[PDB]
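**Q** I'd like to ask some things about the structure below.
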Amino acid sequence: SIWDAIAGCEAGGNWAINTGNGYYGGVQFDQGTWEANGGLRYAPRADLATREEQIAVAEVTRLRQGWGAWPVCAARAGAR
């Protein structure tokens, strides 16, 4: 599960994280990217969605934007 490695890197495995840094949840989505990739179907923000829902949105994001959406952590997880 590559996303668990990304989430350990981005958020120490805390999929509910909401620190106030402009990013949300396990893979540290900004709000614009959450919304642009269909996130509002699941929850108001990434950190309010479940791990599985955040992953679904992350799969679409990765397809649309590439692994460059996660600049260091994608590589740390082995990424394509």
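Residues in the sequence shown are numbered from 283 upward in steps of one, following the entry's author numbering.
Don't be surprised by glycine CBs; every beta carbon is placed ideally from N, CA and C.
1) Quick check on the DSSP output: the alpha helix (DSSP H) that includes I337 runs from which residue to which?
2) Restricting to Cα atoms, I'd like to know which of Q347, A318, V309 and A325 is closest to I337.
3) Evaluate the contact criterion for the segment 312-321 versus the segment 285-292: three or more CB pairs, one atom per stretch, below 8 Å.
4) Within the continuous alpha helix (DSSP H) that includes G290, where are the two ends?
5) What does DSSP give as the partner residue(s) for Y306 in the beta ladder?
6) Using 8 Å for Cβ pairs, my map puts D329 next to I299. What's the rounded Cβ distance?
7) Check the C-beta distance from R362 over to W352 and give it rounded, since I have them as a contact under 8 Å.
8) Can you give the Cα-Cα distance for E334 and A318, rounded to whole angstroms?
**A** With the structure as the only source:
1) Element bounds for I337: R333 to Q347.
2) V309
3) no
4) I284 to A293
5) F311
6) 6 Å
7) In fact, because the Cβ distance is near 12 Å, the residues do not count as touching under 8 Å.
8) 18 Å
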